[PDB]
Amino acid sequence: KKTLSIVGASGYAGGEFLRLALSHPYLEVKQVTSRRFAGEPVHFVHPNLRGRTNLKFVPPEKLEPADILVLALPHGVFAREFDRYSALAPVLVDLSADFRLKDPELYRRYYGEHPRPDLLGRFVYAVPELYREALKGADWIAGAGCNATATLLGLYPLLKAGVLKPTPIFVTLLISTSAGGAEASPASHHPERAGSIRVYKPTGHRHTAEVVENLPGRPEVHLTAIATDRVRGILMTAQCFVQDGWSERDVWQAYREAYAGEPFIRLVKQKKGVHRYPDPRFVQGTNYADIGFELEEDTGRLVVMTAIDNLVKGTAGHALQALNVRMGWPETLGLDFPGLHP
């Protein structure tokens with residue numbers, strides 16, 4: 001049973017990890033930090049945790065060493081104060097984008113110059129379905145972007161098996177408002193925001209970098225993020241074309257091959273019934289990535305789909321799953337919630 005503390009636990013990413021860790025049998029949450037809510041019980045910020053823990057936020061200066069340290073700070077902050085936090089634990093799980101990329105110049109293009117460039121390539125990208133082996137020996141784990149996770153899981157098998165023609169792949173993601181974080185903005189005032197569909201980042205999305213670095217064979221991939229008013233969830237859709245000869249059966253085989261035995265991948269193969277395609281609503285609160293596709297026969301056009309809860313499978317859930325791998329614990333530990341219906 002290991003000790004684990006969370007930096008930036010008042011945010012959505014850290015708070016979601018806090019919820020998950022609290023019901024994990026082999027983890028003991030020691031400290032959770034917050035400058036703003038220092039001294040306040042955690043349920044003051046996360047009401048769902050009312051009566052489930054006596055933890056209170058402490059200022060980060062009060063931070064003591066622990067076995068595992070989860071960093072859920074605003075992007076760029078952990079990198080600027082790396083030495084201070086890295087000394088607190090041998091195992092680091094960073095949910096920020098600070099150490100996700102290998103190429104220092106790719107990082108700069110989307111985030112500006114990295115302060116500790118030689119550190120890039122040391123953290124292992126947290127996508128168990130792709131790097132489980134490397135995660136087993138990773139002391140520094142870098143969580144992946146939510147949209148990146150959805151896009152990579154849906155596309156990886158296809159590119160790995162050479163299913164797609166080399167032409168550009170267009171990824172349109174329907175995202176949620178929690179993806180924007182807990183910090184308010186004029187655009188987020190509820191009556192101003194509810195009901196709106198906000199084109200969010202139509203071009204130049206920073207998750208593109210993550211997607212390109214973790215897909216085989218230098219594929220051309222473009223992203224467009226459109227935010228609906230749902231609070232959680234992501235429906236990733238991708239437009240591309242299959243090489244000639246590929247039937248629907250073949251494409252499923254490509255997925256079965258890449259993800260055979262994956263505990264958190266569900267291939268949605270349904271010919272009939274009401275729920276035939278990945279739908280973020282049903283994976284809400286879960287660590288599942290539901291995957292499906294439809295092949296346009298006469299054109300060869302393939303529409304790929306992947307749905308996940310952006311805060312769980314897209315953030316805290318996959319980070320914990322990866323931590324389970326590193327620690328040698330069953331991957332589903334603390335991540336077995338099935339979701340609800342209706």
# chains A, B, ... in the order shown; residues from 1 in each chain; ligands from 1
call {"tool": "select_by_dssp", "arguments": {"residues": "segment 183-227 of chain A", "states": "strand (DSSP E)", "output": "VMD selection string"}}
result
chain A and resid 198 to 201 221 to 227
call {"tool": "write_last_selection", "arguments": {"atoms": "N, CA and C atoms", "output": "compact mmCIF listing (two decimals), in the first residue's frame"}}
result
# COMPACT_ATOMS: atom_id res chain seq x y z
N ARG A 198 -19.78 25.98 -29.14
CA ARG A 198 -18.65 26.88 -29.35
C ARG A 198 -17.52 26.26 -30.14
N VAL A 199 -17.27 26.78 -31.33
CA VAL A 199 -16.15 26.27 -32.10
C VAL A 199 -15.09 26.76 -31.16
N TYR A 200 -14.27 25.83 -30.76
CA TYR A 200 -13.28 26.07 -29.74
C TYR A 200 -11.85 26.30 -30.16
N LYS A 201 -11.33 25.41 -30.99
CA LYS A 201 -9.96 25.49 -31.48
C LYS A 201 -10.09 24.79 -32.82
N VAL A 221 -2.29 14.40 -40.07
CA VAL A 221 -3.51 14.43 -39.27
C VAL A 221 -3.88 15.85 -38.87
N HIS A 222 -5.16 16.20 -39.03
CA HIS A 222 -5.65 17.54 -38.70
C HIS A 222 -6.78 17.48 -37.67
N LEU A 223 -6.74 18.39 -36.70
CA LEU A 223 -7.75 18.42 -35.64
C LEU A 223 -8.59 19.69 -35.59
N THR A 224 -9.84 19.52 -35.19
CA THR A 224 -10.77 20.63 -35.03
C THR A 224 -11.62 20.26 -33.81
N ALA A 225 -11.58 21.10 -32.78
CA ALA A 225 -12.34 20.83 -31.57
C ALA A 225 -13.57 21.74 -31.48
N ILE A 226 -14.74 21.12 -31.34
CA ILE A 226 -16.01 21.84 -31.26
C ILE A 226 -16.63 21.50 -29.91
N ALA A 227 -16.86 22.52 -29.08
CA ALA A 227 -17.43 22.28 -27.77
C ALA A 227 -18.94 22.44 -27.75
call {"tool": "residues_around", "arguments": {"residues": "segment 44-57 of chain A", "least_positions_apart": "5", "cutoff": "10 Å", "atoms": "only C-alpha atoms", "output": "PDB file with N, CA and C atoms, in the first residue's frame"}}
result
ATOM      1  N   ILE A   6      -1.386  14.705  -4.096  1.00  0.00           N
ATOM      2  CA  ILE A   6      -1.770  15.378  -5.335  1.00  0.00           C
ATOM      3  C   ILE A   6      -1.574  16.887  -5.278  1.00  0.00           C
ATOM      4  N   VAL A   7      -0.848  17.418  -6.254  1.00  0.00           N
ATOM      5  CA  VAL A   7      -0.593  18.852  -6.337  1.00  0.00           C
ATOM      6  C   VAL A   7      -1.593  19.435  -7.339  1.00  0.00           C
ATOM      7  N   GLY A   8      -2.402  20.390  -6.889  1.00  0.00           N
ATOM      8  CA  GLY A   8      -3.405  20.986  -7.760  1.00  0.00           C
ATOM      9  C   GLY A   8      -4.673  20.154  -7.683  1.00  0.00           C
ATOM     10  N   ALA A   9      -5.004  19.711  -6.474  1.00  0.00           N
ATOM     11  CA  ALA A   9      -6.167  18.860  -6.248  1.00  0.00           C
ATOM     12  C   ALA A   9      -7.510  19.580  -6.242  1.00  0.00           C
ATOM     13  N   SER A  10      -7.494  20.903  -6.361  1.00  0.00           N
ATOM     14  CA  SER A  10      -8.748  21.643  -6.372  1.00  0.00           C
ATOM     15  C   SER A  10      -9.291  21.750  -7.799  1.00  0.00           C
ATOM     16  N   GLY A  11      -8.470  21.385  -8.782  1.00  0.00           N
ATOM     17  CA  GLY A  11      -8.897  21.444 -10.171  1.00  0.00           C
ATOM     18  C   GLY A  11      -9.675  20.204 -10.588  1.00  0.00           C
ATOM     19  N   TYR A  12     -10.171  20.179 -11.824  1.00  0.00           N
ATOM     20  CA  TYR A  12     -10.928  19.019 -12.272  1.00  0.00           C
ATOM     21  C   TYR A  12     -10.029  17.786 -12.444  1.00  0.00           C
ATOM     22  N   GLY A  15      -8.829  16.691  -8.989  1.00  0.00           N
ATOM     23  CA  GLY A  15      -9.962  16.254  -8.195  1.00  0.00           C
ATOM     24  C   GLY A  15     -10.508  14.928  -8.673  1.00  0.00           C
ATOM     25  N   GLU A  16     -10.408  14.682  -9.971  1.00  0.00           N
ATOM     26  CA  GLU A  16     -10.902  13.421 -10.501  1.00  0.00           C
ATOM     27  C   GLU A  16      -9.943  12.315 -10.058  1.00  0.00           C
ATOM     28  N   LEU A  18      -8.172  12.418  -7.398  1.00  0.00           N
ATOM     29  CA  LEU A  18      -8.431  12.279  -5.965  1.00  0.00           C
ATOM     30  C   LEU A  18      -9.587  11.309  -5.714  1.00  0.00           C
ATOM     31  N   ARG A  19     -10.672  11.460  -6.469  1.00  0.00           N
ATOM     32  CA  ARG A  19     -11.822  10.578  -6.301  1.00  0.00           C
ATOM     33  C   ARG A  19     -11.434   9.135  -6.554  1.00  0.00           C
ATOM     34  N   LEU A  22      -9.036   7.577  -3.898  1.00  0.00           N
ATOM     35  CA  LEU A  22      -9.682   7.330  -2.615  1.00  0.00           C
ATOM     36  C   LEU A  22     -10.358   5.973  -2.488  1.00  0.00           C
ATOM     37  N   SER A  23     -10.659   5.335  -3.612  1.00  0.00           N
ATOM     38  CA  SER A  23     -11.296   4.029  -3.567  1.00  0.00           C
ATOM     39  C   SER A  23     -10.359   2.941  -4.092  1.00  0.00           C
ATOM     40  N   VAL A  29      -3.970   8.277   0.217  1.00  0.00           N
ATOM     41  CA  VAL A  29      -3.802   9.667  -0.150  1.00  0.00           C
ATOM     42  C   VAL A  29      -3.323  10.405   1.080  1.00  0.00           C
ATOM     43  N   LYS A  30      -2.123  10.972   0.990  1.00  0.00           N
ATOM     44  CA  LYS A  30      -1.537  11.693   2.109  1.00  0.00           C
ATOM     45  C   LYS A  30      -1.925  13.152   2.138  1.00  0.00           C
ATOM     46  N   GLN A  31      -1.450  13.901   1.155  1.00  0.00           N
ATOM     47  CA  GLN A  31      -1.747  15.316   1.096  1.00  0.00           C
ATOM     48  C   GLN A  31      -2.312  15.723  -0.256  1.00  0.00           C
ATOM     49  N   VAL A  32      -3.163  16.744  -0.233  1.00  0.00           N
ATOM     50  CA  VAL A  32      -3.755  17.323  -1.437  1.00  0.00           C
ATOM     51  C   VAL A  32      -3.564  18.827  -1.259  1.00  0.00           C
ATOM     52  N   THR A  33      -2.935  19.467  -2.238  1.00  0.00           N
ATOM     53  CA  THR A  33      -2.645  20.887  -2.127  1.00  0.00           C
ATOM     54  C   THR A  33      -3.554  21.853  -2.873  1.00  0.00           C
ATOM     55  N   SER A  34      -3.612  23.066  -2.336  1.00  0.00           N
ATOM     56  CA  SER A  34      -4.389  24.161  -2.886  1.00  0.00           C
ATOM     57  C   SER A  34      -4.042  25.432  -2.129  1.00  0.00           C
ATOM     58  N   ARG A  35      -3.661  26.461  -2.869  1.00  0.00           N
ATOM     59  CA  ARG A  35      -3.322  27.731  -2.252  1.00  0.00           C
ATOM     60  C   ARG A  35      -4.632  28.420  -1.890  1.00  0.00           C
ATOM     61  N   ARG A  36      -5.538  28.482  -2.858  1.00  0.00           N
ATOM     62  CA  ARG A  36      -6.830  29.122  -2.670  1.00  0.00           C
ATOM     63  C   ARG A  36      -7.740  28.495  -1.627  1.00  0.00           C
ATOM     64  N   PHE A  37      -7.832  27.171  -1.613  1.00  0.00           N
ATOM     65  CA  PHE A  37      -8.716  26.514  -0.667  1.00  0.00           C
ATOM     66  C   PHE A  37      -7.968  25.842   0.469  1.00  0.00           C
ATOM     67  N   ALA A  38      -6.785  26.363   0.767  1.00  0.00           N
ATOM     68  CA  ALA A  38      -5.965  25.825   1.842  1.00  0.00           C
ATOM     69  C   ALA A  38      -6.741  25.863   3.154  1.00  0.00           C
ATOM     70  N   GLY A  39      -6.772  24.735   3.855  1.00  0.00           N
ATOM     71  CA  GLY A  39      -7.477  24.673   5.122  1.00  0.00           C
ATOM     72  C   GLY A  39      -8.906  24.188   5.002  1.00  0.00           C
TER      73      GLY A  39
END
call {"tool": "closest_atom_pairs", "arguments": {"of": "segment 221-272 of chain A", "to": "segment 144-154 of chain A", "cutoff": "8 Å", "atoms": "only C-alpha atoms", "output": "tab-separated table"}}
result
residue	atom	partner	partner_atom	distance
A:234	CA	A:147	CA	7.3
A:235	CA	A:150	CA	7.9
A:236	CA	A:150	CA	6.1
call {"tool": "residues_around", "arguments": {"residues": "residue 76 of chain A", "least_positions_apart": "6", "cutoff": "12 Å", "atoms": "only C-alpha atoms", "output": "list in words"}}
result
residues 82, 94, 95, 96, 97, 98, 99, 100, 107, 108, 110, 111, 112, 113, 114, 115 and 116 of chain A
call {"tool": "write_last_selection", "arguments": {"atoms": "C-alpha atoms", "output": "PDB file, in the first residue's frame"}}
result
ATOM      1  CA  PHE A  82      10.601  20.681 -11.678  1.00  0.00           C
ATOM      2  CA  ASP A  94       2.225  14.445 -14.403  1.00  0.00           C
ATOM      3  CA  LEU A  95      -1.223  15.194 -15.823  1.00  0.00           C
ATOM      4  CA  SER A  96      -0.036  18.389 -17.509  1.00  0.00           C
ATOM      5  CA  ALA A  97       1.352  18.677 -21.028  1.00  0.00           C
ATOM      6  CA  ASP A  98       4.803  19.642 -19.710  1.00  0.00           C
ATOM      7  CA  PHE A  99       6.537  16.330 -20.418  1.00  0.00           C
ATOM      8  CA  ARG A 100       4.327  14.583 -22.977  1.00  0.00           C
ATOM      9  CA  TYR A 107       6.803  21.519 -27.925  1.00  0.00           C
ATOM     10  CA  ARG A 108       7.933  25.073 -28.646  1.00  0.00           C
ATOM     11  CA  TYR A 110       2.590  24.750 -29.492  1.00  0.00           C
ATOM     12  CA  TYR A 111       3.751  25.866 -26.027  1.00  0.00           C
ATOM     13  CA  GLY A 112       6.716  28.172 -26.425  1.00  0.00           C
ATOM     14  CA  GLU A 113      10.260  27.258 -25.365  1.00  0.00           C
ATOM     15  CA  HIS A 114      10.477  24.461 -22.804  1.00  0.00           C
ATOM     16  CA  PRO A 115      12.553  25.446 -19.744  1.00  0.00           C
ATOM     17  CA  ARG A 116      14.046  21.945 -19.247  1.00  0.00           C
TER      18      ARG A 116
END
call {"tool": "select_by_dssp", "arguments": {"residues": "segment 79-291 of chain A", "states": "helix (DSSP H, G or I)", "output": "mmCIF file with N, CA and C atoms, in the first residue's frame"}}
result
data_model
loop_
_atom_site.group_PDB
_atom_site.id
_atom_site.type_symbol
_atom_site.label_atom_id
_atom_site.label_comp_id
_atom_site.auth_asym_id
_atom_site.auth_seq_id
_atom_site.Cartn_x
_atom_site.Cartn_y
_atom_site.Cartn_z
ATOM 1 N N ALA A 79 6.969 22.261 -15.071
ATOM 2 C CA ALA A 79 8.246 22.292 -15.768
ATOM 3 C C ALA A 79 9.155 23.389 -15.216
ATOM 4 N N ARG A 80 8.569 24.526 -14.846
ATOM 5 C CA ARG A 80 9.346 25.641 -14.310
ATOM 6 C C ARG A 80 9.820 25.395 -12.886
ATOM 7 N N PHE A 82 10.349 22.108 -11.660
ATOM 8 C CA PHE A 82 10.601 20.681 -11.678
ATOM 9 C C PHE A 82 11.383 20.132 -10.490
ATOM 10 N N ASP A 83 12.541 20.715 -10.213
ATOM 11 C CA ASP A 83 13.375 20.213 -9.132
ATOM 12 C C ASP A 83 12.685 20.148 -7.783
ATOM 13 N N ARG A 84 11.856 21.143 -7.493
ATOM 14 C CA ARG A 84 11.153 21.178 -6.220
ATOM 15 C C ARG A 84 10.211 20.006 -6.004
ATOM 16 N N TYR A 85 9.418 19.684 -7.014
ATOM 17 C CA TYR A 85 8.471 18.592 -6.874
ATOM 18 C C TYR A 85 9.065 17.219 -7.134
ATOM 19 N N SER A 86 10.003 17.120 -8.073
ATOM 20 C CA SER A 86 10.586 15.815 -8.384
ATOM 21 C C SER A 86 11.334 15.207 -7.204
ATOM 22 N N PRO A 104 11.789 18.675 -28.579
ATOM 23 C CA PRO A 104 11.792 20.001 -27.951
ATOM 24 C C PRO A 104 11.235 21.103 -28.832
ATOM 25 N N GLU A 105 11.446 20.978 -30.138
ATOM 26 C CA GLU A 105 10.975 21.986 -31.077
ATOM 27 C C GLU A 105 9.495 21.842 -31.376
ATOM 28 N N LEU A 106 8.982 20.626 -31.253
ATOM 29 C CA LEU A 106 7.571 20.419 -31.497
ATOM 30 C C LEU A 106 6.830 21.061 -30.327
ATOM 31 N N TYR A 107 7.400 20.939 -29.128
ATOM 32 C CA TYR A 107 6.803 21.519 -27.925
ATOM 33 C C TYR A 107 6.733 23.031 -28.070
ATOM 34 N N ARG A 108 7.846 23.624 -28.493
ATOM 35 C CA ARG A 108 7.933 25.073 -28.646
ATOM 36 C C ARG A 108 6.877 25.634 -29.590
ATOM 37 N N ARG A 109 6.647 24.943 -30.700
ATOM 38 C CA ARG A 109 5.655 25.378 -31.676
ATOM 39 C C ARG A 109 4.269 25.543 -31.062
ATOM 40 N N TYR A 110 3.907 24.671 -30.122
ATOM 41 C CA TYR A 110 2.590 24.750 -29.492
ATOM 42 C C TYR A 110 2.569 25.337 -28.082
ATOM 43 N N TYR A 111 3.714 25.370 -27.403
ATOM 44 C CA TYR A 111 3.751 25.866 -26.027
ATOM 45 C C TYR A 111 4.813 26.910 -25.723
ATOM 46 N N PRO A 117 14.357 21.364 -21.609
ATOM 47 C CA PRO A 117 14.312 20.525 -22.810
ATOM 48 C C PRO A 117 15.002 19.165 -22.760
ATOM 49 N N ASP A 118 16.111 19.054 -22.031
ATOM 50 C CA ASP A 118 16.792 17.766 -21.963
ATOM 51 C C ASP A 118 15.955 16.740 -21.200
ATOM 52 N N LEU A 119 14.945 17.203 -20.466
ATOM 53 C CA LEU A 119 14.085 16.284 -19.721
ATOM 54 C C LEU A 119 13.040 15.613 -20.611
ATOM 55 N N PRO A 128 -1.723 3.082 -21.842
ATOM 56 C CA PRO A 128 -1.448 1.655 -21.653
ATOM 57 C C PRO A 128 -1.609 0.791 -22.898
ATOM 58 N N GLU A 129 -2.623 1.089 -23.701
ATOM 59 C CA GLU A 129 -2.884 0.325 -24.905
ATOM 60 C C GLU A 129 -1.754 0.381 -25.933
ATOM 61 N N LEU A 130 -0.833 1.320 -25.754
ATOM 62 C CA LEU A 130 0.285 1.488 -26.677
ATOM 63 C C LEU A 130 1.650 1.222 -26.055
ATOM 64 N N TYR A 131 1.854 1.690 -24.829
ATOM 65 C CA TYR A 131 3.162 1.564 -24.187
ATOM 66 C C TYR A 131 3.183 0.843 -22.845
ATOM 67 N N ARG A 132 2.392 -0.211 -22.706
ATOM 68 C CA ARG A 132 2.336 -0.931 -21.444
ATOM 69 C C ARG A 132 3.712 -1.411 -20.991
ATOM 70 N N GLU A 133 4.462 -1.996 -21.914
ATOM 71 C CA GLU A 133 5.784 -2.506 -21.588
ATOM 72 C C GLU A 133 6.669 -1.414 -20.991
ATOM 73 N N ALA A 134 6.757 -0.271 -21.664
ATOM 74 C CA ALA A 134 7.579 0.830 -21.171
ATOM 75 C C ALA A 134 7.070 1.377 -19.838
ATOM 76 N N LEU A 135 5.754 1.361 -19.646
ATOM 77 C CA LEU A 135 5.179 1.869 -18.405
ATOM 78 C C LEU A 135 5.550 1.005 -17.199
ATOM 79 N N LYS A 136 5.780 -0.283 -17.430
ATOM 80 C CA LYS A 136 6.151 -1.176 -16.342
ATOM 81 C C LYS A 136 7.431 -0.707 -15.652
ATOM 82 N N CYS A 146 -6.741 14.696 -23.311
ATOM 83 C CA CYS A 146 -7.998 13.958 -23.463
ATOM 84 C C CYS A 146 -8.332 13.696 -24.935
ATOM 85 N N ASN A 147 -8.267 14.731 -25.766
ATOM 86 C CA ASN A 147 -8.555 14.557 -27.181
ATOM 87 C C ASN A 147 -7.502 13.665 -27.823
ATOM 88 N N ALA A 148 -6.265 13.783 -27.350
ATOM 89 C CA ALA A 148 -5.168 12.982 -27.885
ATOM 90 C C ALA A 148 -5.453 11.507 -27.624
ATOM 91 N N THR A 149 -5.905 11.207 -26.408
ATOM 92 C CA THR A 149 -6.214 9.829 -26.016
ATOM 93 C C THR A 149 -7.280 9.234 -26.926
ATOM 94 N N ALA A 150 -8.372 9.968 -27.101
ATOM 95 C CA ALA A 150 -9.469 9.513 -27.943
ATOM 96 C C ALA A 150 -9.012 9.308 -29.389
ATOM 97 N N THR A 151 -8.255 10.264 -29.907
ATOM 98 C CA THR A 151 -7.783 10.171 -31.282
ATOM 99 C C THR A 151 -6.803 9.010 -31.497
ATOM 100 N N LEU A 152 -5.841 8.867 -30.594
ATOM 101 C CA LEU A 152 -4.851 7.794 -30.705
ATOM 102 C C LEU A 152 -5.463 6.410 -30.602
ATOM 103 N N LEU A 153 -6.403 6.227 -29.684
ATOM 104 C CA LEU A 153 -6.979 4.903 -29.528
ATOM 105 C C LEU A 153 -7.782 4.495 -30.745
ATOM 106 N N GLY A 154 -8.492 5.446 -31.343
ATOM 107 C CA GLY A 154 -9.278 5.117 -32.515
ATOM 108 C C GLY A 154 -8.451 4.913 -33.776
ATOM 109 N N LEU A 155 -7.373 5.677 -33.928
ATOM 110 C CA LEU A 155 -6.554 5.594 -35.136
ATOM 111 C C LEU A 155 -5.369 4.635 -35.137
ATOM 112 N N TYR A 156 -4.702 4.491 -34.003
ATOM 113 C CA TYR A 156 -3.530 3.626 -33.924
ATOM 114 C C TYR A 156 -3.616 2.278 -34.659
ATOM 115 N N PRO A 157 -4.612 1.440 -34.333
ATOM 116 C CA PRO A 157 -4.740 0.137 -34.998
ATOM 117 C C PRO A 157 -4.780 0.211 -36.529
ATOM 118 N N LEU A 158 -5.470 1.219 -37.054
ATOM 119 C CA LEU A 158 -5.607 1.394 -38.497
ATOM 120 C C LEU A 158 -4.271 1.717 -39.160
ATOM 121 N N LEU A 159 -3.508 2.611 -38.544
ATOM 122 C CA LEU A 159 -2.209 2.978 -39.083
ATOM 123 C C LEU A 159 -1.190 1.863 -38.851
ATOM 124 N N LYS A 160 -1.316 1.178 -37.718
ATOM 125 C CA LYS A 160 -0.417 0.084 -37.387
ATOM 126 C C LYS A 160 -0.539 -1.043 -38.410
ATOM 127 N N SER A 178 -16.079 20.868 -19.244
ATOM 128 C CA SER A 178 -15.138 20.586 -18.153
ATOM 129 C C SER A 178 -13.730 20.515 -18.742
ATOM 130 N N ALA A 179 -13.646 20.286 -20.049
ATOM 131 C CA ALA A 179 -12.357 20.187 -20.725
ATOM 132 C C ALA A 179 -11.623 21.508 -20.634
ATOM 133 N N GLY A 180 -12.377 22.577 -20.401
ATOM 134 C CA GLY A 180 -11.786 23.898 -20.299
ATOM 135 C C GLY A 180 -11.248 24.189 -18.909
ATOM 136 N N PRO A 186 -15.335 34.863 -18.868
ATOM 137 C CA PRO A 186 -16.618 35.471 -19.236
ATOM 138 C C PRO A 186 -17.457 34.571 -20.135
ATOM 139 N N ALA A 187 -16.785 33.834 -21.014
ATOM 140 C CA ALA A 187 -17.483 32.926 -21.909
ATOM 141 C C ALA A 187 -18.113 31.755 -21.142
ATOM 142 N N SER A 188 -17.628 31.460 -19.935
ATOM 143 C CA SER A 188 -18.166 30.320 -19.183
ATOM 144 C C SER A 188 -19.343 30.606 -18.242
ATOM 145 N N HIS A 190 -22.641 30.575 -16.832
ATOM 146 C CA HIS A 190 -23.677 29.639 -17.261
ATOM 147 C C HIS A 190 -24.767 30.123 -18.231
ATOM 148 N N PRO A 191 -25.491 31.197 -17.887
ATOM 149 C CA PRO A 191 -26.520 31.613 -18.851
ATOM 150 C C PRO A 191 -25.970 32.044 -20.206
ATOM 151 N N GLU A 192 -24.716 32.485 -20.224
ATOM 152 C CA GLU A 192 -24.054 32.885 -21.465
ATOM 153 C C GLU A 192 -23.610 31.659 -22.256
ATOM 154 N N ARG A 193 -23.302 30.574 -21.547
ATOM 155 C CA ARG A 193 -22.760 29.368 -22.179
ATOM 156 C C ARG A 193 -23.703 28.217 -22.530
ATOM 157 N N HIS A 207 -3.060 19.425 -29.205
ATOM 158 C CA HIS A 207 -3.085 17.974 -29.091
ATOM 159 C C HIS A 207 -2.621 17.303 -30.385
ATOM 160 N N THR A 208 -2.556 18.078 -31.465
ATOM 161 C CA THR A 208 -2.104 17.552 -32.751
ATOM 162 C C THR A 208 -0.695 16.964 -32.598
ATOM 163 N N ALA A 209 0.159 17.679 -31.873
ATOM 164 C CA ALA A 209 1.543 17.258 -31.646
ATOM 165 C C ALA A 209 1.608 15.860 -31.042
ATOM 166 N N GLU A 210 0.806 15.652 -30.009
ATOM 167 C CA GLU A 210 0.747 14.373 -29.326
ATOM 168 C C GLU A 210 0.276 13.285 -30.262
ATOM 169 N N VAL A 211 -0.709 13.624 -31.078
ATOM 170 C CA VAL A 211 -1.267 12.655 -31.992
ATOM 171 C C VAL A 211 -0.241 12.222 -33.026
ATOM 172 N N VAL A 212 0.450 13.191 -33.614
ATOM 173 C CA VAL A 212 1.454 12.903 -34.627
ATOM 174 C C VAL A 212 2.656 12.120 -34.088
ATOM 175 N N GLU A 213 3.137 12.465 -32.897
ATOM 176 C CA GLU A 213 4.284 11.756 -32.330
ATOM 177 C C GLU A 213 4.004 10.321 -31.917
ATOM 178 N N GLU A 248 -15.016 -4.412 -44.175
ATOM 179 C CA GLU A 248 -15.372 -4.091 -42.806
ATOM 180 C C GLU A 248 -14.803 -5.133 -41.841
ATOM 181 N N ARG A 249 -14.911 -6.413 -42.220
ATOM 182 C CA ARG A 249 -14.353 -7.519 -41.430
ATOM 183 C C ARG A 249 -12.881 -7.335 -41.196
ATOM 184 N N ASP A 250 -12.174 -6.909 -42.236
ATOM 185 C CA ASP A 250 -10.734 -6.710 -42.130
ATOM 186 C C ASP A 250 -10.409 -5.606 -41.142
ATOM 187 N N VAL A 251 -11.147 -4.505 -41.219
ATOM 188 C CA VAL A 251 -10.919 -3.388 -40.315
ATOM 189 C C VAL A 251 -11.146 -3.786 -38.851
ATOM 190 N N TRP A 252 -12.178 -4.581 -38.579
ATOM 191 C CA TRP A 252 -12.421 -5.020 -37.205
ATOM 192 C C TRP A 252 -11.273 -5.900 -36.739
ATOM 193 N N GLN A 253 -10.762 -6.719 -37.651
ATOM 194 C CA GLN A 253 -9.664 -7.619 -37.317
ATOM 195 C C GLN A 253 -8.449 -6.799 -36.903
ATOM 196 N N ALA A 254 -8.253 -5.665 -37.572
ATOM 197 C CA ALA A 254 -7.138 -4.780 -37.261
ATOM 198 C C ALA A 254 -7.256 -4.318 -35.810
ATOM 199 N N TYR A 255 -8.480 -4.004 -35.388
ATOM 200 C CA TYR A 255 -8.730 -3.558 -34.015
ATOM 201 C C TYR A 255 -8.587 -4.730 -33.053
ATOM 202 N N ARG A 256 -9.207 -5.860 -33.391
ATOM 203 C CA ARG A 256 -9.116 -7.034 -32.522
ATOM 204 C C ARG A 256 -7.633 -7.358 -32.271
ATOM 205 N N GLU A 257 -6.820 -7.266 -33.323
ATOM 206 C CA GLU A 257 -5.392 -7.566 -33.212
ATOM 207 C C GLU A 257 -4.628 -6.620 -32.308
ATOM 208 N N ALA A 258 -4.852 -5.324 -32.494
ATOM 209 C CA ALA A 258 -4.146 -4.346 -31.704
ATOM 210 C C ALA A 258 -4.608 -4.297 -30.257
ATOM 211 N N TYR A 259 -5.899 -4.517 -30.021
ATOM 212 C CA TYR A 259 -6.431 -4.401 -28.672
ATOM 213 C C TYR A 259 -6.945 -5.665 -28.000
ATOM 214 N N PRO A 280 -20.467 9.161 -25.888
ATOM 215 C CA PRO A 280 -19.837 9.627 -24.645
ATOM 216 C C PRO A 280 -20.724 9.598 -23.416
ATOM 217 N N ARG A 281 -22.029 9.710 -23.623
ATOM 218 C CA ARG A 281 -22.935 9.715 -22.493
ATOM 219 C C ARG A 281 -22.840 8.435 -21.665
ATOM 220 N N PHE A 282 -22.716 7.293 -22.325
ATOM 221 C CA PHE A 282 -22.661 6.041 -21.595
ATOM 222 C C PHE A 282 -21.321 5.692 -20.955
ATOM 223 N N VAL A 283 -20.239 6.326 -21.398
ATOM 224 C CA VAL A 283 -18.945 6.057 -20.774
ATOM 225 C C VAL A 283 -18.596 7.112 -19.723
#
call {"tool": "atom_distance", "arguments": {"atom1": "atom CA of residue 41 of chain A", "atom2": "atom CA of residue 72 of chain A"}}
result
18.4 Å
call {"tool": "closest_residue", "arguments": {"among": "A:323, A:305, A:141, A:21", "to": "residue 125 of chain A", "atoms": "only C-alpha atoms"}}
result
A:141
call {"tool": "atom_distance", "arguments": {"atom1": "atom CA of residue 217 of chain A", "atom2": "atom CA of residue 301 of chain A"}}
result
20.2 Å
call {"tool": "atom_distance", "arguments": {"atom1": "atom CA of residue 304 of chain A", "atom2": "atom CA of residue 237 of chain A"}}
result
5.4 Å
call {"tool": "residues_around", "arguments": {"residues": "residue 289 of chain A", "least_positions_apart": "4", "cutoff": "7 Å", "atoms": "only C-alpha atoms", "output": "ChimeraX atom specification"}}
result
/A:264-266,306-308,313
call {"tool": "residues_around", "arguments": {"residues": "residue 285 of chain A", "least_positions_apart": "2", "cutoff": "12 Å", "atoms": "only C-alpha atoms", "output": "MDAnalysis selection string"}}
result
chainID A and resid 16:17 19:20 231:233 280:283 287:289 308:317 335:341
call {"tool": "closest_residue", "arguments": {"among": "A:194, A:68, A:58, A:161", "to": "residue 3 of chain A", "atoms": "only C-alpha atoms"}}
result
A:68
call {"tool": "closest_residue", "arguments": {"among": "A:278, A:92, A:120, A:26", "to": "residue 328 of chain A", "atoms": "only C-alpha atoms"}}
result
A:26
call {"tool": "residues_around", "arguments": {"residues": "residue 270 of chain A", "least_positions_apart": "5", "cutoff": "12 Å", "atoms": "only C-alpha atoms", "output": "list in words"}}
result
residues 275, 276, 277, 278, 291, 292, 293 and 294 of chain A
